[PDB]
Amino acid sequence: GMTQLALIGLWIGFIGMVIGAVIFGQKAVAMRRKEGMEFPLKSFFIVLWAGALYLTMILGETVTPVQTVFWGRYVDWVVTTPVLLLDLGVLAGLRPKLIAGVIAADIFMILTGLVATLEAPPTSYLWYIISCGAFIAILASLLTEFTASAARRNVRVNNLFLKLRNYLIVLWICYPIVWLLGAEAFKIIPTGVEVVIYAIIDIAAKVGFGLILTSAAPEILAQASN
């Protein structure tokens, strides 16, 4: 029931995650019995879950015609975006309870975005604004407590945190902008194009992010983990 372009977009996301899974799985094998192996392993789980959920959408299991609702992508994001933040929190050396609070905010952001996607205007816009409020709090925490914590660590660990922090922030800001421009609000981006855009940003946000992270020198990953 979806457009041909939407199906192409789902295939792009799926193949991207599968390639990521091979890359990070191999890196994790290469890092067995080494400090810092948690980083390729987390990257591997992120792309494995995203890849599985892309497959459920290809198969029509987590999409629903009402326009097609691609609700599987929220099942993906509600699991993978916390693990991405966990990555930065470990790099930053952030206290576990603070990491937990940001993960709670993130899950709230994704679930209110799901409600926004399922609703009709203008109620959908209310939930979009609520979810953006949670996003802004997450961005503020990244730019403040994460950054202050990372600045107390070794220079190379701090440098890697800042690179990934900035990469994550730029990519994540793309999502609510695409949402607002797409069929859920202003209807500027056609539904099929929207699926393709999300797949490209997903690949950047998960495979690109993991490539930057896991390509750091092994000594840096070792000291970052402890």
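Don't overthink the numbering: it's just position in the shown sequence, from 1.
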Could you bin the unmodelled part of the deposited chain lying between residue 66 and residue 67 as none, 1 to 3, 4 to 9, or 10 or more? 1 to 3
Out of 11-19 and 210-218, which stretch has the higher average CA B-factor listed in the record? 210-218
For the C-alpha atoms alone, is the average B factor greater in 125-133 or in 151-159, going by the entry? 151-159
Could you tell me which one of 28, 174, 50, 197 shows the highest CA temperature factor in the PDB record? 28
Sort the modelled residues of this chain by their C-alpha B factor and say whether residue 33 lands in the lowest, middle or highest third. highest
By the record's CA B-factor, is residue 141 among the lowest, middle or highest third of residues in the chain? middle
Among the modelled residues of its chain, does the C-alpha B-factor of residue 45 lie in the lowest, middle or highest third? lowest
Where does the C-alpha B-factor of residue 191 rank in its chain, lowest, middle or highest third? highest
Sorting the chain's modelled residues by C-alpha B-factor and splitting them into thirds places residue 98 in the highest
